[PDB]
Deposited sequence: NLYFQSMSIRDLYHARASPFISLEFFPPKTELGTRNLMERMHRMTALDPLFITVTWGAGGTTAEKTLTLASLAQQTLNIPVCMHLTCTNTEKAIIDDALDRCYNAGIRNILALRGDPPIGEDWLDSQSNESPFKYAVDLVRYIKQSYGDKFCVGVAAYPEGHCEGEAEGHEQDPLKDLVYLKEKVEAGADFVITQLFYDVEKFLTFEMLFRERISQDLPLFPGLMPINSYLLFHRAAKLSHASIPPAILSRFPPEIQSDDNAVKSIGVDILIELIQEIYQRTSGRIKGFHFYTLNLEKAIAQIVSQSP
């Protein structure tokens, strides 16, 4: 009781007896779009998310919009907010300003990311090179005042695939002080489960690990998400969408809800409840996620 931190994603995760979700949002490009998203976020608090996240454009391209939205959400929603933060190709002063502003706004969680590969200005010659460089820097500068998350790849990272290679780098990130891990999206439950077994044996028996999940909002959008993330779609899932279903968008969406429910239930059962938190890539949409949560 004495040591519990009510704003820490790690402490909140372990304290839960029952399973739960988290939600990732992005900053809209207009003020009207931002007002509308805040209304949507307010409605989605009825799904009882453990925390919400706000994405960050590589190289600082959305710095002001991300910082503003994360702070506004933290102040008004009464839910912990985790701000994403990429480190390559950005001046140290921008990273320092972002962390200072988060700290002063009451934000106590950061998802520490590389972003794109490092690159300079050739002969005109950027001190962060990998995500681990940012994890170490945050912990040096703030200790446990920030609970720090990092990214993982059950099917391996691909530059714009070897999951064992990335497990080596993931271990370095955890040893440097990462407090939780969120995965790239996947549709093959067995790729996630083999990864989770390797994570427990080689990295940590207890660290919070969230599968990242992308709803199926149309047949074409589903295929596009898998293409961009380099995630495989198993034959057993593809067979649920024969041509007569593919042509019927309402049927695709309904079957898509069932596939996500089944994925979640299989993970919870097969891991004996070790995996009790499920992270959704919302793309600022509510309906599919509300059905997945209400029908489960």
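In this chain, the deposited residues that lack C-alpha positions fall in the ranges 126-130, 166-171, 308.
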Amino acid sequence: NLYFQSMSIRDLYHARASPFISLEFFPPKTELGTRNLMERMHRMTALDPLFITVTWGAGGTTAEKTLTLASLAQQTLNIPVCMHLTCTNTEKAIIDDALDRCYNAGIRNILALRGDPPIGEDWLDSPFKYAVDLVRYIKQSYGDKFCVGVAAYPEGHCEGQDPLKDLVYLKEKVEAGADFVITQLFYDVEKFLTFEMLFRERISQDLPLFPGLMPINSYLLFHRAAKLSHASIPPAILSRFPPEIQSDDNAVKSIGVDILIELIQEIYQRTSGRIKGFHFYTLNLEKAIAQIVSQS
From here on, numbers count along this sequence of modelled residues.
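Remark: stretch with higher mean C-alpha B factor among 14-22 and 275-283 is 14-22. A summary of the deposited B-factors shows that, of 32-40 and 51-59, the stretch with the larger mean C-alpha value is 32-40. Taking the deposited Cα B-factors for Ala93, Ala225, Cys87, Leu207, the highest one is held by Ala93. Take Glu196, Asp188, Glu155, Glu175 and read off each C-alpha B-factor from the entry; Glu175 has the highest. When all modelled residues of the chain are sorted by CA temperature factor, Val135 is found within the lowest third. Among the modelled residues of its chain, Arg108 has a C-alpha B-factor that falls in the middle third, as given in the PDB entry. In the PDB entry, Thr66 places in the lowest third of its chain by CA B-factor.
Ranked by C-alpha B-factor against the other modelled residues of its chain, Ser141 falls in the middle third. Annotation for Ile119: CA B-factor lies in the highest third of the chain's modelled residues.
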